[PDB]
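> here's a sequence, model it:
(chains A, B, C and D)
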Amino acid sequence: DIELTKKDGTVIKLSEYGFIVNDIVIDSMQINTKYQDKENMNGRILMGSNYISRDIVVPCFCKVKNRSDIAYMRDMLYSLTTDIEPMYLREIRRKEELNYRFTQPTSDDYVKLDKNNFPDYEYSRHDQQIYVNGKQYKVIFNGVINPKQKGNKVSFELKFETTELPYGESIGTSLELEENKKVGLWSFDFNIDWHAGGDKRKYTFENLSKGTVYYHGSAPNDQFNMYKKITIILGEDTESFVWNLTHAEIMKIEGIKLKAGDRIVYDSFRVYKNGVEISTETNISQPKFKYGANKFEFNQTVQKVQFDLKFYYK
Amino acid sequence: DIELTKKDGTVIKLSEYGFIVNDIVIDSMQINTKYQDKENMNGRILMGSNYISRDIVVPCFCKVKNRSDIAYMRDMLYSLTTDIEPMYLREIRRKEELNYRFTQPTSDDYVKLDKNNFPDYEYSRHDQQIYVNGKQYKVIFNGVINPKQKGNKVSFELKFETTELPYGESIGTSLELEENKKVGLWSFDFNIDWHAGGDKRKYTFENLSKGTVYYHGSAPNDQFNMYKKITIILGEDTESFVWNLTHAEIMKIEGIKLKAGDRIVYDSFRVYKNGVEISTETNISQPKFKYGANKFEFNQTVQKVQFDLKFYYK
Amino acid sequence: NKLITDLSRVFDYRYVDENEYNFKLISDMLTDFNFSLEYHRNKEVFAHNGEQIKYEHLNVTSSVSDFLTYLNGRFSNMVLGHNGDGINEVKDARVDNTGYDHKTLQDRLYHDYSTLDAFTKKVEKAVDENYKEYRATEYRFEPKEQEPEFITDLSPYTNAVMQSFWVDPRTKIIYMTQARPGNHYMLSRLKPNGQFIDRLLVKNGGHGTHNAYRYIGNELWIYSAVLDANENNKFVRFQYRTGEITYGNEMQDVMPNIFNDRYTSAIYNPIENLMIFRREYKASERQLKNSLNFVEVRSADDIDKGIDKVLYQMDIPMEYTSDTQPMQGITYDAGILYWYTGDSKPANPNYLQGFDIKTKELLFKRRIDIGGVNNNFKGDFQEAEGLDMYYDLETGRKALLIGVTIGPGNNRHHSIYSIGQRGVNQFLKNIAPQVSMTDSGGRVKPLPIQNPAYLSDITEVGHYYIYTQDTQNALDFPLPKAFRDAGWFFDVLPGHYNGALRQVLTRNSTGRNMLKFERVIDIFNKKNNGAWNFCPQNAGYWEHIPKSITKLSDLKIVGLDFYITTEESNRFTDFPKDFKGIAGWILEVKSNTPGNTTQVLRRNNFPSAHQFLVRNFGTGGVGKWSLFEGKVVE
Amino acid sequence: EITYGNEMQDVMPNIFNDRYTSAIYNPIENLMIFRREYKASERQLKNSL
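Numbering: from 1, shown residues only, chains lettered A, B, ... in the order given. Please see the structure below:
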């Protein structure tokens, strides 16, 4: 219940700004269907079906000490939130409906009050809220009205909306999973084994014709807009270079001659032959990680493969 | 009240995942009409009328032990259900509104509690729920909102929808009816005689010019998308091959010469002359099983006919 | 109802709920126990049985139930017990229970109780003696005697005499310090049987005759005697890792102002948590003290923090630190300092001398023939080496173990013996088995990796088998990707004392020739690994060229047999254009300068004249096929 | 030049090397006044740095 927003150049959270929130409700993704009805047949063909948009709603109110200040506070809200600038929203929850604790009415152990006139139930460090999950959402704002209930309390009804892709982009790459350097950004929503360096954590293999990958993301990383990015030290010289993959298509690189120690950066629908001067004419096919086991099969025992990606959720 | 889902590669049921459901309500099929109104005549011509879509609705709520976990649980729901991937839904009911049974308050015979904080009324093996019927539905999801009532209880309103054909596809073929090997998948909604090997169970005949078929499905299997699939050992050599059928059209195969021991796989609107290399130029006409007696008439006493199909319902 | 000490290994809601329920249960169970004890202490009726509670009078112990029954019996006897003729009763009680009338009742009672006390004390002395004898037979540790037992043998990749030898009771791994040709030294960390694992080169260390290995917590620190680039000795603390290490900020010192005057090296004992430092004496006070070295003890906590607290100090006379018997080993246990010395030849017999540190005496000294039996060593080189005290954490039984080298010349052996108690040597040998070509029953051994990239990764000697599917990757394989179809019996054989190892690979195929290749590899510098030699090993069977029929120039390997039918010959490019498709051909290869190689090709015609045409291709040029034709004779 | 290592010796590290710390010395009273910073989480409740 804070509605964190990471904008291009800053980080903001509402309750820091005197802005309590009632709740956050996140719709699912609007499935746009594409059916076609045959003329006299009791059944209609599916041309397609496709996720579109994940409309968020967040009603937030605010109290202040005096009626004038309402105006300022409201303006702050707009200047703080209503941003066409695609932002990264992060949801927050509490772990408990906190109450005031027992005290002693002996002219001592009195109660605290926040900057806003409320009772601080958060006595200890471990009371305040948490990033409930290690993911974000690429988000933009839609129109709000501000009904002023009595006093200094005024409500607002934010209506956020997904920007590019209706998915729960996981923050942090898969290499931070590999190297346990960055802390946070890994919630139990992702069923992740502790065996760092073990299987289903590793995306850095060496000297293999074929290997195994566990894509922890329920949603499939077929869309190029996702940050799926591979880089391979090819290991062995060749004239052509095929690699296959399951839950995806076959990939070739024919017609250009390579060398062993040369490396390929295989970005989404894009191929850096040696990091620059992209040679992407050969078999334009992009790979697709669906969920769980995504087994790959090279053909000449690359001396290194490693690939970072982002986990996406539905 | 579990809402089973068989996806392409897995099986899921909600109440296994801490997801109780309130009920399931299944609309009928949206009949799209095609009328034409004559200009000055008190009556309008029926050009056509046609089933389209069987919109399902399922409201499901969930309780958890703490407020944070709500988020996780909700995400699980989305990642578990909202799938453009055409799934096969199976409905479940209970046989009884179960209560807690009599016990003894003598520091013994205490009551049980589920993984969720609820009272386990399901004491015996024969308490839990059942696949109420031996059919499924080809289904896709539509948008949901998640109102959080108090505490750890939150509701959801799933709105599912038929994918290809608005019908109650019966699971299991008609040969599993023939060979009583697979168990389950045969509910009393289908008025099926026990006389296995008797009439109205058999779809495997031998050495006959004409024979009888009981299509137990109320809805008619005229649509090709249904898995109507015939295969016949022709018995007798010929140059042409006609077979007629009632509640359907006549079928010819002229212009291609055949042989006796050669077999025809007659798939929906499709003809394998000998299993491959389809010779389907001859009288493109597809057969149609409506309900009950579907009498066929060959012309030269095929040494074998047998055909599996799927029963569809409205 | 009880805890879940089996936590989920995937970090999900299940794991978090288990942890939360676990803490909730701990709190609930603890407050329940507290309330239960309080109920016990305040309100629980019949909390204790009356037999339990003790009533202690003077020098007397008894329950309350027994005492109360005795009080009640007294009352009952005094009330309803018949009485009379008390004087006669006493004068009759004067007699004892064997038939002897004492003089007085008190003297009788005294004699009886003294008899019982003497019998009980005799029984007690017998019991104590029996127990002490059992202990001295069971937990026997008498390095005055107790002939040693072999433990294991060491296989480091260094051709130098080992100089110290420690075992890690927490992981059963050996740390073995040798002094390299320079000043610097190297410690190899390796397996209980002897299989090398890794090494660390302490650059600009001393002879390193012994380091100390400490477990402050769950991690292993190493104290050593490392001299900086200015030839100033320093007592320095560091951690293990694989590779190289120089003196610097990577390795901190414990106490520079105290342990930088003289050459000092430590050893640690965790039983009593002490550390003895064998500090050298300078040439000035050398003759004054008549001892090259002195040992000083310090507690681990005192040496960790900033206090000296020399508990016990002793010098080592020249009788023990002579040149014919120089220092090779030091060890501490139960205040008994053990000193192991031995010349580099079996003529001057080694000596292990143990003696108390508190009193500065000589408890004992013994000769021990460690290594080759009957003083018949491998050549003549019994260069001794130190020793330590393995303390198993399971039983608590200390065990002394000593290192020795019996190898002649550059070839050094590394043998280990022990004077341990019952149950330690058996355990140390049974940790893991020695290496062997076959596992234990006459089967092939397993690879350490499936589908290996570099065949040099397999360091462990012995036989192996590469499946046909595992051969496919094999970045360094004698054959190319197209020739390999079947498995390969692949066996690693020992090289020399540096990081070398031989390899052999023999194909597996009954219906064709079982060709073999051979090479040498160097585990450290993979670039220094030789190429793939080849032996003929024919059976009369034939080999066909696979679909790589592009050119005959790819067949640079030496001394092979390749058939080429007419249909086969009508594809190749280097094959001449006059004999293309006329008969079958046998190809053979002969060695030359690198790149260059000769290819002979022989026709296969029985009736017609024989032909054979030879070529040389490679660096010098393409090569022109020169023919030789035969004269049909009989 | 200097840097932490053999040339510099910590003082009771285990007890106040959990947060940023600096010191001054008053020789008259022979006191070592330790300034000691707070972490962000503790600061949230302490209202102080």
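
> who's in contact with stretch C:247-261?
Stretch C:247-261 is touched from outside by C:203-204, C:223, C:226-229, C:232-238, C:245, C:277, C:303-304, C:306, C:308, D:3-6, D:9, with contacts defined as C-beta atoms under 8 Å, 6 or more residues apart in numbering or on different chains. C-beta: built from backbone N, CA, C; applies to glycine.

> what parts of chain A come near chain C?
Residues of chain A found near chain C (C-beta under 8 Å from any C-beta of the partner chain) are A:186, A:188-195, A:206-209, A:235-236, A:300-301, A:303.

> in chain C, which spans are helices?
Assigned by DSSP state H, the helices in chain C fall at C:13-42, C:65-80, C:86-93, C:105-138, C:283-289, C:300-304, C:425-430, C:566-569.

> save those as TSV, and put in mean neighbour count and distance to chain D too.
Listed next are the helices of chain C as TSV, based on neighbours: other C-beta atoms under 10 Å in any protein chain shown; distance: least, C-beta to the nearest C-beta, whole Å:
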stretch	mean neighbour count	distance to chain D
helix C:13-42	12	20
helix C:65-80	11	54
helix C:86-93	10	74
helix C:105-138	11	41
helix C:283-289	10	27
helix C:300-304	16	10
helix C:425-430	16	36
helix C:566-569	15	71
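
> select, out of these, the one closest to chain B.
helix C:13-42 (5.3 Å; C-beta to the nearest C-beta).

> wait, residue C:141 sits on residue C:421?
Yes: in this structure, residue C:141 is within contact of residue C:421 by C-beta atoms under 8 Å, at 5.5 Å.

> need the overlap of contacts for these two.
In contact with both residue C:141 and residue C:421: residue C:398, using C-beta under 8 Å, 6+ apart.

> related to what we said a few turns ago, could you dump the helices of chain C to JSON lines with distance to chain A?
Formatted as JSON lines, the helices of chain C follow (distance: least, C-beta to the nearest C-beta, whole Å):
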{"stretch": "helix C:13-42", "distance to chain A": "5"}
{"stretch": "helix C:65-80", "distance to chain A": "46"}
{"stretch": "helix C:86-93", "distance to chain A": "74"}
{"stretch": "helix C:105-138", "distance to chain A": "43"}
{"stretch": "helix C:283-289", "distance to chain A": "53"}
{"stretch": "helix C:300-304", "distance to chain A": "30"}
{"stretch": "helix C:425-430", "distance to chain A": "29"}
{"stretch": "helix C:566-569", "distance to chain A": "24"}
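
> closest one to residue A:165 among these?
helix C:13-42 (25.8 Å; C-beta to C-beta).

> which bits of chain A sit near chain B?
A:23, A:25-31, A:33, A:37, A:39-46, A:49-51, A:91, A:93-97, A:130, A:132-133, A:168, A:187-189, A:218-219, A:313-314.

> list only buried entries from the residues you listed.
A:25-29, A:31, A:41-44, A:46, A:49, A:51, A:91, A:93-95, A:132-133, A:168, A:187-189, A:218-219, A:313-314 (16 or more other C-beta atoms under 10 Å in any protein chain shown).

> which among the residues of chain A next to chain C end up buried?
A:186, A:188-192, A:207-209, A:235-236, A:300-301, A:303.

> JSON lines for the residues you listed, including secondary structure and distance to chain D?
Formatted as JSON lines, these follow (DSSP: H, G, I helix; E, B strand; the rest coil; distance: C-beta to the nearest C-beta, whole Å):
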{"residue": "A:186", "secondary structure": "coil", "distance to chain D": "19"}
{"residue": "A:188", "secondary structure": "coil", "distance to chain D": "21"}
{"residue": "A:189", "secondary structure": "coil", "distance to chain D": "23"}
{"residue": "A:190", "secondary structure": "coil", "distance to chain D": "24"}
{"residue": "A:191", "secondary structure": "coil", "distance to chain D": "28"}
{"residue": "A:192", "secondary structure": "coil", "distance to chain D": "25"}
{"residue": "A:207", "secondary structure": "coil", "distance to chain D": "38"}
{"residue": "A:208", "secondary structure": "strand", "distance to chain D": "41"}
{"residue": "A:209", "secondary structure": "strand", "distance to chain D": "46"}
{"residue": "A:235", "secondary structure": "coil", "distance to chain D": "41"}
{"residue": "A:236", "secondary structure": "coil", "distance to chain D": "45"}
{"residue": "A:300", "secondary structure": "strand", "distance to chain D": "47"}
{"residue": "A:301", "secondary structure": "strand", "distance to chain D": "44"}
{"residue": "A:303", "secondary structure": "coil", "distance to chain D": "37"}
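
> residue numbers of chain A in contact with chain D?
So far as C-beta under 8 Å from any C-beta goes, chain A lies against chain D at A:122, A:124, A:125, A:128.

> quick one: buried ones out of those?
Applying 16+ other C-beta under 10 Å to those flags A:122, A:128 as buried.

> closest one to residue B:292 out of the residues of chain A next to chain D, please.
Nearest member of the residues of chain A next to chain D to residue B:292, counting by C-beta to C-beta, is residue A:128, at 69.6 Å.

> let me know the closest of the residues of chain A next to chain D to chain B.
residue A:128 (12.7 Å).

> run through the residues that contact that closest one.
Here residue A:128 is in contact with A:122, D:44 (C-beta under 8 Å, 6+ apart).

> ok, it to residue A:11 distance?
Distance, residue A:128 to residue A:11, by C-beta to C-beta, to the nearest Å: 16 Å.

> cool, and residue C:270?
50 Å.

> can you show me the helices along the stretch 51-200 of chain A?
Secondary structure of the stretch 51-200 of chain A (DSSP state H, counting those that start in this stretch): helices located at A:69-81, A:175-178.

> how many neighbours does the closest residue to residue A:241 other than its chain neighbours have?
Of all residues not flanking residue A:241 in the chain, residue A:253 sits nearest, at 4.4 Å (C-beta to C-beta, 6 or more residues apart in numbering or on different chains). Number of residues near residue A:253 (other C-beta atoms under 10 Å in any protein chain shown) recorded here: 22.

> for stretch C:256-269, the distance to its chain's centre please.
27 Å (C-alpha atoms, centre = their mean, to the nearest Å).

> stretch A:304-311 too?
Counting by C-alpha atoms, centre = their mean, stretch A:304-311 comes out at 16 Å from the chain centroid.

> and what of stretch A:54-69?
26 Å.

> same question, stretch A:78-93
Worked out by C-alpha atoms, centre = their mean, stretch A:78-93 lies 14 Å from the chain centre.

> now do the buried residues in it.
Neighbour-count burial for stretch A:78-93 [16+ other C-beta under 10 Å]: A:81, A:83, A:87, A:88, A:89, A:90, A:91, A:92, A:93.

> contacts only, for the residue of chain C found nearest chain A.
Across chain C, the shortest distance to chain A (C-beta to the nearest C-beta) belongs to residue C:453, at 2.6 Å. By C-beta under 8 Å, 6+ apart, the contact list for residue C:453 reads A:206, A:207, A:208, A:235, A:301, A:303, C:473, C:474, C:475.

> what's the burial count for residue C:373?
8.

> roughly how far does it sit from chain D?
48 Å (C-beta to the nearest C-beta, to the nearest Å).

> now residue A:92
Distance from residue A:92 to chain D, by C-beta to the nearest C-beta: 14 Å.

> hmm, that residue is touching residue A:5, no?
No: applying C-beta under 8 Å as the test, residue A:92 and residue A:5 come out as separate, 11.0 Å apart.
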